[PDB]
4 protein chains.
Amino acid sequence: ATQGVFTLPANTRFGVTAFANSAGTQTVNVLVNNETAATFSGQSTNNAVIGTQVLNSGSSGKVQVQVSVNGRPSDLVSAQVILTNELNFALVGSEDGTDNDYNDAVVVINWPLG
Amino acid sequence: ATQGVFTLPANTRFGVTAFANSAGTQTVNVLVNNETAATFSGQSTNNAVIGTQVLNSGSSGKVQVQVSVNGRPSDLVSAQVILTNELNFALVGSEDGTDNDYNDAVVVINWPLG
Amino acid sequence: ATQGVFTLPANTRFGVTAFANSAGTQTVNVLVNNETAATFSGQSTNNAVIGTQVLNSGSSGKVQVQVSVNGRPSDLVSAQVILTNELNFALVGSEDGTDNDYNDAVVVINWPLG
Amino acid sequence: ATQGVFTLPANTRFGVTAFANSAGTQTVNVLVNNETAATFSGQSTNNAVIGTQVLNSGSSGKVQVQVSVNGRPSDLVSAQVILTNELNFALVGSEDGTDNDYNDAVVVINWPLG
Ligand SMILES: CO[C@@H]1O[C@@H](C)[C@@H](O)[C@@H](O)[C@@H]1O
Ligand SMILES: CO[C@@H]1O[C@@H](C)[C@@H](O)[C@@H](O)[C@@H]1O
Ligand SMILES: CO[C@@H]1O[C@@H](C)[C@@H](O)[C@@H](O)[C@@H]1O
Ligand SMILES: CO[C@@H]1O[C@@H](C)[C@@H](O)[C@@H](O)[C@@H]1O
Ligand SMILES: [Ca+2]
Ligand SMILES: [Ca+2]
Ligand SMILES: [Ca+2]
Ligand SMILES: [Ca+2]
Ligand SMILES: [Ca+2]
Ligand SMILES: [Ca+2]
Ligand SMILES: [Ca+2]
Ligand SMILES: [Ca+2]
């Protein structure tokens, strides 16, 4: 199944934050309506916050997360969870190797802000 | 029901990261077996990261998040999500006021780490 | 925070299914747009499906689950999860007693159907 | 990533319930310790319950859900959610065709039971 793609409410500010847990250098791209809106990169095995940014879901609400390591696309897992019918989290994990921890880059999207 | 309380695997490293979205200064306390292990503070209405840290769940595995604003504990919502039977998120929102966005302080706990 | 209230897409069919795991008879009421749309009752300590039904979310999309034992409201917990940006589950647990399993009645709402 | 595999606590009862939303006949297999523990087959486009059973998780606690239609394995999506640090849901969707609803068979696993 497709993973790392989320439909947000249109024209809504959201946070996106990436964490690294791998020997490999992670590169995370965040697309909004297929336009590159953010790119984060770094290397840590201790959960470094390689990037955090406020974006806007725009007219389409379509947000996609992609992760690669020195050009190789990582396999993704994802889900969205809503608390008290209001508070939204869109979650991504990614695997760059063979141990299947899916934590090599972790991406958390949250809304609403403010 | 109790919120913001999570049983992690014993003696396991985890990340904890807090974001703020309130006019008020948020204080986030992370407790491991009922003892404060990290404290973050800050004020933002733009989802700023007010802290991030790596902790160990210790011999009991018991982790709790508490949030307070202007000397007053905030109400919490929370849940845990597991993706591909491996990647764990413990998610918390908090409400300090009247509007019920539960985003005043947003706290993300993730494990395993690298 | 409010629990057991979900916003579904308008004019969409959904399933609602209730399970019982308590010494006490559970009553589950499902409201759509503030009108009772389904009701199930039963006692089981073995996860009986005390009712399952297909409903339409109508113009509002507002769906509320209430659980009671002989007229006494149970405390609820709830969340919504979305898989592959398409498959939705709204989840409710309830506690009628002192042991805090929140499984006394468990309610699952799923959409889309068909 | 692997989907439909969940680690439950050892020697613990859980409920499994399958719903169908497809023109095709769905076959849902539940494997406990890599051996078939339940099988459900049926057809509905109205979310009918094609099986519901209580099972034990056994020594390893490893539970796997597989879905097929006309003998051809369906693609799966899944996740696990925990409410109030106690109430567990393991959730599976499956796609037998081209429309990507992942509702063709929907499987809900819940624990603890009464
Ligand atoms: C070489 O493998 C990569 O780096 C290791 C230190 C681990 O984080 C592993 O999950 C990751 O895939
Ligand atoms: C005074 O109210 C607090 O600050 C505002 C700017 C909002 O973020 C609100 O949710 C928060 O409770
Ligand atoms: C009297 O307690 C009720 O019935 C028991 C058999 C348990 O299922 C318990 O969770 C429930 O609250
Ligand atoms: C022919 O396609 C199958 O049956 C239809 C009635 C739909 O439920 C569709 O999702 C399913 O994959
Ligand atoms: Ca890895
Ligand atoms: Ca890793
Ligand atoms: Ca608020
Ligand atoms: Ca706020
Ligand atoms: Ca109980
Ligand atoms: Ca019970
Ligand atoms: Ca389908
Ligand atoms: Ca279908």
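Any value given below was found using the heavy atoms of this structure, including those in side chains, with hydrogens, waters and symmetry copies removed. Proteins come first, then strands; the chains are lettered A, B, ... in the order of their sequence lines, and each starts at number 1.
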Given a strict heavy-atom distance threshold of 4.5 Å, which part of A:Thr52 is in contact with chain B: side chain, backbone, both, or neither? side chain
Is the closest side-chain heavy-atom distance between A:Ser57 and A:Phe6 below 4.5 Å? no
Could you tell me which of A:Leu91, A:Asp104, A:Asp99, A:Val108 has the largest number of non-hydrogen atom pairs under 4.5 Å with chain B? A:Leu91
Identify which of B:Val81, B:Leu87, B:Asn100, B:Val49 forms the greatest number of heavy-atom pairs closer than 4.5 Å to chain A. B:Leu87
Out of A:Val32, A:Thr7, A:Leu31, A:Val5, which one pairs with A:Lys62 under the side chain to side chain contact (heavy atoms under 4.5 Å, CB included) rule? A:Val5
Is B:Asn46 in contact with chain A via its backbone, its side chain, both, or neither, using a 4.5 Å heavy-atom distance? both
Do A:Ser41 and A:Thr25 touch side chain to side chain, with heavy atoms closer than 4.5 Å? yes
Using non-hydrogen atoms and a 4.5 Å limit, figure out which bit of A:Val77 sits close to chain B: side chain, backbone, both or neither. both
Leading residue by heavy atom contact count with chain B [cutoff under 4.5 Å; candidates A:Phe14, A:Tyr102, A:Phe89]: A:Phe89
In this structure, CD of B:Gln80 is separated from CG of B:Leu8 (nearest 0.5 Å) by 7.0 Å
Would you give the length of the straight line joining atom CD1 of A:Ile109 to atom CG of A:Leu55, rounded to the nearest 0.5 angstrom? 8.5 Å
Answer with side chain, backbone, both or neither: which region of B:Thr17 has an atom nearer than 4.5 Å to a non-hydrogen atom of chain A? side chain
Quick check for you: to the nearest 0.5 Å, what is the distance between A:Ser44 atom OG and A:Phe19 atom CZ? 11.0 Å
What part of B:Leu113 is in contact with chain A, defined as an atom under 4.5 angstrom from a non-hydrogen atom: side chain, backbone, both or neither? both
